[PDB]
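Residues per chain, in single letters:
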Amino acid sequence: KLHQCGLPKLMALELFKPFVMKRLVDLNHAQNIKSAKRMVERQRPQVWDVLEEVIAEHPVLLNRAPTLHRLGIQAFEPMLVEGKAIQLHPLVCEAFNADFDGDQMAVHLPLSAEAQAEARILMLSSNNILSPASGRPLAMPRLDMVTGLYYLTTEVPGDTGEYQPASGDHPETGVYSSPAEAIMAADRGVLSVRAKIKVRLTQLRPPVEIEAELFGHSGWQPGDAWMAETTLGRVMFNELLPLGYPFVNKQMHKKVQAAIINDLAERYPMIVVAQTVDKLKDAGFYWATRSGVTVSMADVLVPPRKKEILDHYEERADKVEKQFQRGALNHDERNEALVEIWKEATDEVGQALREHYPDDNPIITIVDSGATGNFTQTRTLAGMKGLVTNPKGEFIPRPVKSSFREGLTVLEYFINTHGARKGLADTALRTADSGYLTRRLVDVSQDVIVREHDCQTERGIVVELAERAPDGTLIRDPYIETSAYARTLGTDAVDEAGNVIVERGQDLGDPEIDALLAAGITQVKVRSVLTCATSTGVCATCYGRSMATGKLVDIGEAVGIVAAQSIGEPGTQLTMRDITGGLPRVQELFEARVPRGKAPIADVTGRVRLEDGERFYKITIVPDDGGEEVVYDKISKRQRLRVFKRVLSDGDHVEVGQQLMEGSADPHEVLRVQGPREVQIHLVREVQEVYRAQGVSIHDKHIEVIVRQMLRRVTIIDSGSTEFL
Amino acid sequence: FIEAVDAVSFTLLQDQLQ
Amino acid sequence: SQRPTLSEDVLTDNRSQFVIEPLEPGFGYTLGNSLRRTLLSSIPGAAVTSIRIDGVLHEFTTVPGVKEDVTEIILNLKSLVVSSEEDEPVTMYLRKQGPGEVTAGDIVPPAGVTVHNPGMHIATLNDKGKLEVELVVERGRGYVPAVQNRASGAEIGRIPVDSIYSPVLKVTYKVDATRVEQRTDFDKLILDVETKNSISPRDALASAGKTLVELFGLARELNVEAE
Amino acid sequence: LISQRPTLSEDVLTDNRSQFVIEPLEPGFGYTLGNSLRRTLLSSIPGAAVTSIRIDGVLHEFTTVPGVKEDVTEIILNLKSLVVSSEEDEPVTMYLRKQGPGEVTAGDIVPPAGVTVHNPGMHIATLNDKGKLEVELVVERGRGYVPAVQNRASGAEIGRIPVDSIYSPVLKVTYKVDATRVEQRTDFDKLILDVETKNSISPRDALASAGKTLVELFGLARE
Amino acid sequence: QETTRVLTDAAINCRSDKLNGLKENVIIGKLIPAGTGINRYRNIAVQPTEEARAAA
Amino acid sequence: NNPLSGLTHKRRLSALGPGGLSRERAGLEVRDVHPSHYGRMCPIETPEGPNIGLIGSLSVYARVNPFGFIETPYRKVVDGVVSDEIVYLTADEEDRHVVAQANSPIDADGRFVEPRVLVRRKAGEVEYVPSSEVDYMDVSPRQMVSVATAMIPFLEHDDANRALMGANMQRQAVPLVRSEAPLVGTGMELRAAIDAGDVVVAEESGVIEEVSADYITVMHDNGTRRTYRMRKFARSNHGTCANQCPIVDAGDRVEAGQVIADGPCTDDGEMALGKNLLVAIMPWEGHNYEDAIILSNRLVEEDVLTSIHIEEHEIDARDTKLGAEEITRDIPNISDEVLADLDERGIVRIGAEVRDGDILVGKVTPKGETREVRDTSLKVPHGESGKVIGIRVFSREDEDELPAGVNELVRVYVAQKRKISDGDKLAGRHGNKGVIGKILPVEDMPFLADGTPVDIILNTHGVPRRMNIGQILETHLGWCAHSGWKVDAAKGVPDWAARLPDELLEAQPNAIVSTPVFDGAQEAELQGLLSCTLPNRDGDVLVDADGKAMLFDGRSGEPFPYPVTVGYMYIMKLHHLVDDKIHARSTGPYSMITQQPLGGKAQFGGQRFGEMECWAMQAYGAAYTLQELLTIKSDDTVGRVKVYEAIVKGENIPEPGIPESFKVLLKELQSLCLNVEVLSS
Amino acid sequence: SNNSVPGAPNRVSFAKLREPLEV
Amino acid sequence: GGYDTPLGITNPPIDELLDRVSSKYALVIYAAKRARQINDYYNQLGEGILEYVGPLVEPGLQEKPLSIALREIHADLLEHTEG
RNA sequence: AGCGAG
Ligand SMILES: [Zn+2]
C-alpha cells in the first residue's frame with residue numbers, strides 16, 4: 001500500500017535491535033539485557049515473533065541519493081519482508097526518480113517521540129501526493145499503469161457484443177441490468193471490456209449534465225439508477241474513483257489521469273486520494289498484462305513508400321552537390337542546403353510512418369497513451385535516424401538513412417556514436433552544474449520563512465491572464481497555471497462598474513479563473529512575494545497557496561528552501577542549444593552577470609533614426625524631452641535589431657526602456673532605467689522562458705522568492721551622518 | 001578509517017548492587 | 001498444513017466477506033479462483049427467459065398506455081427475482097388496469113414458483129389503460145445470452161431475453177501474506193461475495209464447497225489409498 | 001439446466017505421460033479446473049529425492065575425488081537427476097561402490113528394501129585405473145522444493161554433504177479446452193489435461209493424490 | 001564558500017553571529033526556526049480537558 | 001571476475017595517468033570520438049562513470065607501431081580489384097588515402113557493382129566517390145569494435161548508449177557453475193576465450209593418456225609426455241571461483257592448439273557468460289515494473305543461476321612487549337559449544353561450516369598489566385557464511401618468510417554457493433538490465449500451449465524508448481535456434497533465403513548459430529526462418545510467423561487474450577549481488593578525530609545524511625527529526641549512551657546537546673588565533 | 001566457415017562475406 | 001465519511017486530525033507532547049501517583065504511545081495552548 | 001586505481 005514499504009528482516013532486526021531487546025526482556029524471553037543481546041546476535045527464532053510486534057506503527061525514512069527535491073525523503077510504515085531488498089511501492093517511484101535497475105536506497109530510523117510524530121504526520125508518503133514545484137501530482141499512475149488504464153478505458157468500435165439498435169430481428173440486445181450482469185457476460189466470450197454498451201448505473205454519480213437534467217438539482221446517487229452509453233471497462237474504472245466523483249466516460253490518456261487526480265486532491269481529503277491512487281495502481285497493473293502490449297519484429301512496420309521518397313530526396317541532394325561542384329555556392333552553403341533538404345526528408349518520413357501505423361500497434365499504443373517515450377524515438381526505430389550531430393555541434397550532412405530495425409551500416413553507426421558520447425558527457429557535467437546552482441539558490445534563500453499571517457499591504461504585481469484578442473476574445477494566455485493560480489488578490493475585480501466578482505484576500509483557484517474569463521476581465525492585481533511588506537520573512541497571504549498541501553501556507557514553512565529546490569531539481573533537463581540559452585543562461589540571470597551581447601535599450605521616448613554604418617549600425621533616439629540624443633554606434637552588424645508589430649522601423653516611438661537591438665538585456669541597466677518592479681518582472685519572465693523551453697511547469701512564486709532575496713540591498717551615495725560609506 | 005554495551009552495563013551493574 | 005481456518009464478516013444481510021487463512025505457500029490462488037468461478041456458475045437458478053406483450057408484433061418502440069417502453073420492461077424483468085421448483089419451463093401472466101404503478105407483486109405465482117421481491121416497481125399504467133403480458137421462467141446455471149428465435153412463425157410475440165440464472169451476482173477475491181516471517185509466507189484468501197436476496201452468501205459458499213468437493217472427489221476416485 | 005455429472009477418462013500416451021479427459025463441464029469452467037489441477041500437480045505431489053550424500057575421501061562439496069574426471073560438485077549435480085521412490089518416511093540410506101576403470105551409473109547403487117532407482121542408465125562419473133568411488137546417499141519422503149539443510153543446523157559432523165532436494169515427481173502439465181457452444185446453447189467444456197512425470201510414479205497416482213489434497217482443502221471451506 | 005576570506009573579514013570587523021538562521025542552528029545542533037521549531041509551535045502546552053480528568 | 005574482464009583490462013587505453021591529462025582538465029573535446037578512431041579504438045565501449053571516453057579499448061584488428069601509433073589493416077584495391085595484401089596504415093596514412101566501407105558489393109572478382117560507394121575522406125567526411133578512384137578497403141566489418149562489443153549479436157540495431165552499457169556489463173557477469181554456451185552469438189565467442197588464456201591449450205599435438213579432475217597427462221607424438229595441472233576452486237581477484245574442468249577422455253588424440261579444459265566461463269571453448277532462458281516480453285502484474293525482472297523458481301530449483309563466491313580471511317600472531325601471541329584452543333573464558341569447530345591447532349577444521357559470529361582462528365593477546373592474555377580471535381564478519389575451502393599456514397619455526405615480529409600467519413578460505421535472490425541484478429548483452437523483483441513459483445508463471453513455463457519476464461516498456469530492439473531480434477533468432485528449422489526446397493529455394501548460405505537451410509534443435517556484429521541475420525532472413533520452425537514434439541508450432549505465441553496465464557488459467565513475444569534470450573548474472581549490498585547499523589565503531597560514525601560496509605558504518613538531505617528535512621519543516629539526525633544519532637558523545645539507555649529501559653528520549661564536531665570546529669578556530677567566543681546573556 | 005581451431009564447435013554463421021584476415 | 005477504513009499508520013486519518021489544530025506543525029507537537037506524557041506515565045507508574053495522567057482512551061495491543069495520543073487528539077479529549 | 005545509481 002502507498003503508505004507502506006518492505007524491510008528485509010536481516011536489516012530490520014539490526015536497526016530495531018535497541019527495541020527488540022526491551023520487548024523480549026520484558027516478555028521474559030531473556031532474563032537481562034545482555035542475554036537479550038545474545039538472542040538477537042544468535043537470531044534465535046522467538047525474535048521474529050517479537051520483532052514483528054515492535055515494528056508496527058514505527059515509521060522509517062526512505063531516502064535516495066541524490067535528494068534533488070523535497071520529496072526525496074519520505075516516511076513509510078515498514079513491514080517485514082523476506083529476501084534482501086527494500087520493497088518500494090511503485091507509485092512513489094516518480095517522487096524518488098528511482099528505477100529498479102540496481103538503485104540503492106537508505107533507511108533511517110526516527111527515535112524520539114517528536115521525531116516519530118514528524119515521520120507520521122509531516123513526511124508520510126500518503127500525505128504527499130503533489131509536487132511542491134507546481135502542484136502536478138507525482139503519486140499518480142505512470143508508465144505501466146497508464147497503459148493498463150488506457151487499454152481498460154478506451155473504446156474500440158466493432159468489438160464483441162456491441163450495442164446495436166436492432167429492430168424486427170430482435171431488440172437492442174446491448175443493454176445490461178447492472179454492472180454485475182456486465183462482468184458476468186464478459187467472463188464468457190460474449191462481451192469485451194472495450195465495447196460500447198448501455199449499462200444501468202446505480203452506484204456512480206452521472207456526469208454533470210445527466211444528473212442536472214434527470215434529477216434537476218440535488219439527485220443523490222448511492223441508490224438511484226440511470227442509463228449510460230459507456231464501455232464496461234470505463235464502468236470498472238469509475239468504480240475505482242470515490243462514490244461522489246461524476247462519471248467521466250472518456251479515454252484515460254495520461255493528461256486525463258493527471259487532471260482526475262488533481263481534481264481529487266483539490267476537492268477530496270488526502271486519505272481518499274491516497275486510497276484512490278492505490279486502487280488505480282492495482283487496476284492498472286492487473287489490466288496492463290491482459291493488454292498484450294508487447295514488442296516484436298512483426299509489430300515494427302517499416303513505411304511502404306520509404307525507398308522512393310528517399311531516392312527523390314537523394315536526387316535533390318545530388319543536384320545541390322552538383323551545384324557545389326560548379327561553384328554555385330560555398331561549402332557552408334551546400335552543407336546548410338543538404339541539412340535543410342534532409343530535414344524535409346525526415347519530416348516526410350515521420351509523417352508517412354505515423355500515417356501507416358494503425359492505433360492497435362503496441363509501439364504507437366505505448367507512445368500515444370502517454371505511458372512513456374516520444375514519437376521521434378519510434379521514428380528512429382522504423383524511419384531514419386535523421387541528421388547526426390558532429391561533435392562540435394554541427395550536423396553531419398550525410399545523413400543516416402537506415403532505420404535501427406533495418407540495421408545501420410558501419411559508418412552510420414560510427415557517426416551516431418558522436419551524438420551518443422557527447423550526450424553522455426554533457427549529462428555528466430550538467431549534473432554538477434545543476435547541483436552547484438541548487439546549492440547557491442538554497443543558500444541565498446534559506447532565511448525566507450513564512451512568519452506572519454498577513455502583511456495587510458496594498459501593493460502587488462499584475463498578471464495578464466488572458467488578454468483580449470485583436471479581433472476580440474479572451475483567448476487564455478498560455479501561462480496561467482504557473483503565473484496566475486495559487487495567489488491572493490490585492491484588489492477586488494469589477495467589470496465596467498459591475499458587481500464585485502471576487503473579493504480581496506481570498507485564495508484564487510481554477511473556479512475564480514473561469515469566473516474571471518466568463519466575466520470579461522483580464523488585468524488582475526494579485527498579492528505576491530515581491531511586494532511582501534514583512535520584516536524578517538514573507539507573510540502567509542503574500543505567498544499564497546502551498547502546492548503540496550493545496551491550502552494556504554502555514555506560519556512555519558521554510559518556503560525559501562522549497563523555492564530553491566523546486567528551481568534546482570528541473571536542472572539536468574535543460575540542454576544547451578553568442579548568447580547562452582540553457583542552464584548557463586539561468587546561472588547568468590540569477591548571478592546577475594552581464595550578458596554576452598548587450599543589445600542596447602532605449603532611454604527615452606520619441607522617434608528613432610537608423611543608419612547601416614560601416615560594419616556597424618548607428619542609431620539616434622530623438623528624445624521626446626530635451627534629453628541628450630542617445631546615439632549608439634559600436635554594434636556588430638551581424639546582430640539583427642528587435643522586431644515588433646517591424647525591425648525597429650526608422651522613427652518608432654520605443655519607450656524609455658524598450659530593447660532596441662535584439663539580444664540580451666543587462667538587468668542592471670533595466671533596473672536603473674525602469675525601476676525594481678520592471679526588473680523583477682523581466683528576470684522572472686526570462687527565467688520562466690528558459691525553463692519552459694523544455695516544457696517544465698514551475699510556479700513563479702519560487703522564482704519571485706529568489707528575486708526578492710536578490711533585491712534586498714540598496715547602494716548609498718549620501719553618507720548622511722551615521723557611519724555610512 | 002581509524003577506530004555502549006559496557007557503559008550501559010556498568011550503570012546497570014551499579015543499580016543491580018542497589 | 002496449518003488448518004485453513006475460514007471466518008466470515010457480514011457487511012450487509014446479503015453481502016459477506018469471507019477470509020481463509022493460513023493456506024499453503026501458493027494454494028491461496030487455487031482456492032480463490034476455483035471458488036469464485038464455481039460460485040458464479042455452479043448454483044442452479046431461474047429467471048425470465050422470454051416475454052410476449054399484447055400488440056407487439058413489428059413495433060418495439062413502446063407499448064401504448066404505459067410510460068415505460070419495451071426497453072424498460074425487459075431490463076426490469078431482467079432484475080425480477082423468481083425461485084422455481086419445476087424443471088420444465090413455466091408460463092406466467094400479468095394483468096393490470098387503471099392509473100397507478102404495476103409492480104412485481106401483482107403477478108400470481110402458481111405452485112412451484114415464487115417471487116422473493118414482490119414489491120419492485122415494473123412500470124406506470126395511466127389513462128385507464130390496460131397492461132397484459134406473459135412471461136416464461138426456466139431454471140438454469142450461469143449467464144445465458146438471449147436465445148435467437150429459430151422459428152419465426154412459431155413465436156409471433158416471443159421476445160427472448162438474457163436470463164441471469166446464477167443466484168450470486170458479484171464475487172471477487174484477493175490474496176495476502178499472513179505471518180510471512182515465522183510461517184514463511186503463507187497465503188490469506190479474502191473473498192467478497194454479493195448475492196441476490198434469494199439465498200444468503202453463506203448458503204452460496206456452502207453449496208459451492210459441496211459441489212466442488214464432489215467434483216474433486218471424482219479425481220479422488222482413482223486411488224482411494226493414495227498419499 | 002444441465003444435470004449430467006462430469007466424467008474422468010484417461011488415455012495413457014506412455015508409461016510416463018498420459019492424458020485425462022473430463023466432460024461435460026460447465027461453460028467457461030474447464031480452464032479454471034485445469035489450472036487448479038496443474039498447480040496441485042506441479043506443487044504438492046509427495047515423492048523422494050536424495051537429501052544428503054557422504055564420500056569417504058571428501059569433507060565438503062568443493063574438492064576432487066582422486067581419479068574421477070568429474071569434480072565433487074559436478075557429481076552432486078549429476079545425482080540431482082536421480083529419480084527414486086520410497087515407501088517409508090524415515091531417512092533411509094543407500095550405498096554405492098566402484099573400483100577400477102569404467103563409468104558409474106545409478107544402476108550400480110544397492111538400495112535397501114523398499115527404495116528403488118527407476119533410471120539405472122544415468123551417468124555419474126568416469127573412473128579410471130586409479131579411481132575408487134565410495135558414496136552413501138540418504139533419501140527421505142517429502143514435498144516441493146527444499147534447500148539443503150546445514151550440517152550445523154542438525155547434529156551432522158564434517159563429512160556430511162547436504163544437497164538441496166526436489167520432491168516433485170511431476171515434470172510437465174498442460175491442458176486444453178474445446179468448448180462446443182452450439183447454436184441451441186447446449187454447451188459444455190471438455191477439459192483435456194496432459195500430465196508427464198519423471199518416471200518416479202505413474203501419472204494416475206499423481207493426479208489421484210492431487211485430487212485427494214484438493215478434496216480435503218475444499219472440504220474445510222464447505223463446512 | 002571563500003571560508004578564509006569570510007573568516008578574516010569577520011575577525012577584523014569583530015562580527016557577532018546571532019544564530020537566527022536555519023543553516024546556523026543546524027551546525028550547532030539546536031532547533032531550526034522553521035516548521036516545528038518556531039516558538040509558536042515549539043511552545044504548545046497540552047493537558048487533558050476537564051471532562052477527561054473527570055473520566056479518570 | 002570473468003576471462004573477458006581480464007582480457008579487456010588488457011588492450012585498454014587509459015588517457016589519464018602520470019604525464020597525461022586528468023579528470024579536472026578533461027573537457028568535452030578530448031572525450032569525444034574523433035573520426036580517426038575508426039579501427040584504432042572502440043567507439044562504443046567506454047565506462048559510464050567520470051571516465052567517459054578517457055578509458056577506451058583497442059579494436060580487434062588494431063596493431064601497435066614501434067613508435068607507439070595504432071595501426072589498422074587495410075586491403076589495397078588497384079583499379080577495381082580488391083586485392084589480398086593486408087597493409088597496416090596509421091592515422092596519417094589512412095587520412096592521406098581514400099578508404100571504402102567494409103561491406104560493399106564485391107562482384108566475386110574484386111570489382112564493385114554500385115557506381116559509387118560510401119567512403120571516408122581525409123577529415124572523416126563520409127561521401128560517395130567514383131568506384132575507380134577507391135584505393136583502400138577495410139579488411140572486414142567489426143574492425144571498429146573491441147573484443148567486448150564485438151560479441152553483442154545484432155549490434156547493428158542497438159542505439160550506441162545501450163550497446164555501450166551492454167559491452168560494459170559483459171565484463172561484470174559472474175561465472176556460474178554450468179556456463180552453457182549462448183544459443184545466439186558471434187564469431188568472437190571462441191577466439192576471445194582462447195586468447196583469455198583460461199582454457200588449457202595443447203602446446204603440441206598428441207594423444208591423451210590419463211584424464212583426471214586434478215591434471216591431464218598427454219602422450220606426445222614422439223616418446224615424451226606432458227602433464228597439465230588444473231586449478232580447481234582457486235580464488236579470483238574479485239572473489240569468484242576459477243574452476244577448470246577437462247573435456248577430453250583417455251583415448252582422444254589432441255591436435256596442437258586445441259582446447260583441453262574449460263575455464264570459469266567457457267563451454268567447449270566458446271565463451272559462456274550466462275544462460276539461455278525462455279523469456280516473455282509482457283508486463284506481468286506490475287512485478288516487472290520499471291526495468292524489474294521476474295524469475296521462475298525453476299532457476300533456483302534446477303540451479304541454473306548460482307555462483308560460488310570464495311572469500312579470504314587472514315590473521316597473524318605477532319610478538320609484543322607483554323609477550324608473544326599464540327593461536328590455540330586455550331581461549332579465555334568461553335563455552336565449549338564454540339570450540340567444536342576448531343581443530344587441535346585452534347583453527348577451524350577444513351570443511352566445517354561457519355556462520356556469522358563463529359570462530360575461525362582462536363587467538364589470545366598478551367593481557368599484561370591492568371589471564372595473561374585477552375581475547376582477539378578472528379571472527380567471521382557479519383552477514384557471511386559458508387564452508388571452509390582451505391587453510392594455509394605460515395610459521396616462523398618453518399623458516400618461512402613473514403613480516404618482522406609475526407610468529408605465525410593463517411589464511412582461511414570460506415566459500416558460499418550464493419543462489420539467485422530477489423534484488424540481485426540480471427542483464428542481457430544489450431544493456432537490458434534489471435533487478436529480480438520477484439521469484440515466482442514455477443506453477444504460477446505463464447506457460448505455452450504444452451505447459452512449458454517461461455523462465456523470465458521482461459517489461460515491454462523498456463524496449464522501444466531505449467532503442468535497443470536488438471534484443472528482440474536476439475530472442476527471435478534464439479527461439480529459431482532452440483526449436484530448429486528446415487527451409488522447404490520444394491520449388492528451388494525461397495527468395496529471402498537466396499543470400500543464406502547452405503548449412504543454414506536446416507538445423508537441429510539447440511543448434512548454436514552466429515550472427516556477426518555488423519553483417520548478419522538480416523530482417524528478411526530472420527522472418528523467413530521464423531516462418532518455418534520444426535514442431536517440438538507434436539504437430540504443434542508454438543510460435544507463429546510473427547514470433548509471438550499464446551501464453552496461458554498460470555495464475556488464473558484463462559489464456560492471455562492477445563499473443564506474447566516469447567523466445568530464448570541469453571542473460572547473465574551481474575556481480576551486484578544483494579548479499580554484498582545490504583547493510584544496517586545500530587551502534588558500531590566511531591571515528592576518533594570526530595565522534596561521527598564510520599562509513600562503509602567493511603565496517604559497520606552508517607549512511608551519510610549529507611547536505612541535500614538536510615535541505616529536504618528543512619523544507620519539510622521537520623526540525624526535531626533533523627536535530628536528532630545530526631546530534632544524538634551521530635555526534636553528541638554523551639547523548640548516544642543516554643538515548644540507548646532510555647530506549648533499552650524504555651524511558652523518554654532525552655534532549656539533544658551540542659554536537660562534538662562543533663566543539664572541534666571551535667577548538668580548531670581557536671588554534672587558528674581567531675578568538676571565537678560564545679555567550680548567551 | 002572453418003574456425004581454424006582444432007576443437008571448436010560447428011557454430012553456423014550468417015556471415016555474407018569472407019574475412020581476409022583472422023583476428 | 002466517504003473513505004475506506006483506515007488501517008495501520010494511517011488510522012487516525014490525517015485530515016480529521018488537522019481539523020483539531022490550525023496547521024500540521026501544531027498537530028505534530030501536540031501529539032508528540034501527549035505521547036511524551038503517556039510514556040512518562042507508563043514508566044513512572046511503578047511508584048506513587050504523579051501529575052501526569054492518562055491514557056484517556058483505552059490502549060490497544062502493545063501500541064506505541066504516539067498512536068494512543070493521536071487517537072485521543074481525534075476523539076477531541078485534549079486541549080492545547082500555543083506559545 | 002577501478003566501479004554502481006541517478
Ligand atoms: Zn506579505
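Thresholds, definitions, all that
- Residues numbered from 1 in each chain as written, not as in the entry; some residues may be left out.
- Chains lettered and ligands numbered in written order.
- Part of a larger assembly, values for the part shown.
- Heavy atoms only, no water.
- Residues with missing side-chain atoms left out of burial classes, pairs and counts.
- Pairing = 2+ DSSP bridges.
- Helix = DSSP H or I, 4+ residues; strand = E, 2+ residues; numbered from the N terminus.
- Axes fitted to C-alpha atoms, helices over the stretch in contact; angles between N-to-C directions.
- Contact = heavy atoms within 4.5 Å.
- Salt bridge = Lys/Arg side-chain N within 4 Å of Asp/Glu carboxyl O.
- Buried < 20%, exposed > 50% of the residue type's maximum accessible area, 1.4 Å probe, protein only.
- Domains from an automatic or database assignment.
- Buried area = accessible area lost by both parts, 1.4 Å probe.
- Polar contact = N/O pair within 3.5 Å; in protein donor to acceptor, adjacent residues only side chain to side chain.
- Nonpolar A, V, L, I, M, F, W, Y, C, P; charged D, E, K, R; others polar.
- Expected span 1.5 Å × (residues − 1).
- Arc of directions from axis to C-beta.
- Patch = residues over 30% accessible without salt bridge, like charges linked within 9 Å, V, L, I, M, F, W, Y side chains within 5 Å.
- Areas by Shrake-Rupley, 256 points an atom, 1.4 Å probe, with all protein chains shown as cover.

With respect to the sheet that holds strand β13 (residues 168-176) of chain C
Residue and element names in this part refer to chain C.
And then number 1: If you walk across this open sheet you meet the four strands as β1-β2-β14-β13, and the pairing is antiparallel. Either end of the sheet is taken by a strand with one partner, and the two such strands are β1 (5-12) and β13. Direction aside, neighbouring strands of the sheet carry axes that sit 15° apart on average.
And then number 2: Bridge count between β1 and strand β2 (residues 15-23): seven bridges; the pairing is antiparallel. Opposite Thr12, over in β2, you have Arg15 as the bridge partner.
And then number 3: Packed on one face of the sheet, helix α3 (residues 201-220) meets β1, β2, β13 and β14 (187-195) and runs near 45° to β2.

Here we look at the pattern of salt bridges
Pairs can form between side chains of opposite charge once their charged atoms are near each other.
And then number 1: Enumeration over the complete set of coordinates arrives at 84 salt bridges over all chains.
And then number 2: Across the salt bridge formed by D:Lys69 and D:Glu70, the nearest N and O atoms sit 2.7 Å from each other.
And then number 3: A relative accessible area of 14% means that D:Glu70 is categorised as buried.
And then number 4: Linked through salt bridges whose partners overlap, the residues forming this network are A:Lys84, F:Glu311, F:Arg418, F:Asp579 and F:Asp580.

Re the domain arrangement of chain C
Residue and element names in this part refer to chain C.
And then number 1: Assigned domains within chain C: domain 1 (1-44 + 166-227) and domain 2 (45-165).
And then number 2: Inter-centroid distance (C-alpha atoms) of domain 1 to domain 2 is 35 Å.
And then number 3: Here domain 1 packs against domain 2, burying approximately 750 Å² in sum over the two surfaces, 47% of which is carbon and sulfur.
And then number 4: The interface formed by domain 1 and domain 2 holds zero salt bridges in total.
And then number 5: At the junction of domain 1 and domain 2, the tally comes to three residue pairs in polar contact.
And then number 6: Residues that form the side of domain 1 that touches domain 2 fall into these classes: four nonpolar, five polar and one charged.

Quick look at the interface of chain A and chain F
And then number 1: Counting residues at the interface gives 109 residues for chain A and 109 residues for chain F.
And then number 2: Here the element with the most residues in the side of chain A that touches chain F is helix α17 (residues 410-444) of chain A; it accounts for 20 residues.
And then number 3: Looking at side-chain class alone, the side of chain A that touches chain F contains 56 nonpolar, 28 polar and 25 charged residues.

Concerning helix α13 (residues 306-325) of chain A
Residues and elements named next belong to chain A.
And then number 1: With 20 residues, α13 ought to run about 28 Å at 1.5 Å a step, and its terminal C-alpha atoms sit 28 Å apart, in line with that.
And then number 2: The set of residues buried in α13 consists of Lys306, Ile309, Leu310, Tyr313, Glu314, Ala317 and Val320. With its buried residues spanning 135° around the axis, α13 presents them on a single face. Away from its buried face by more than 90 degrees, α13 exposes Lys307, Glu308, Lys319 and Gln325.

Observations regarding a nonpolar patch on the surface
And then number 1: Together, A:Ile716, A:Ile717 and A:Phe724 make up a nonpolar patch on the protein surface, roughly 380 Å² of accessible area in all.
And then number 2: With respect to the helices and strands, A:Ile716 occurs in the segment after α24 (700-710).

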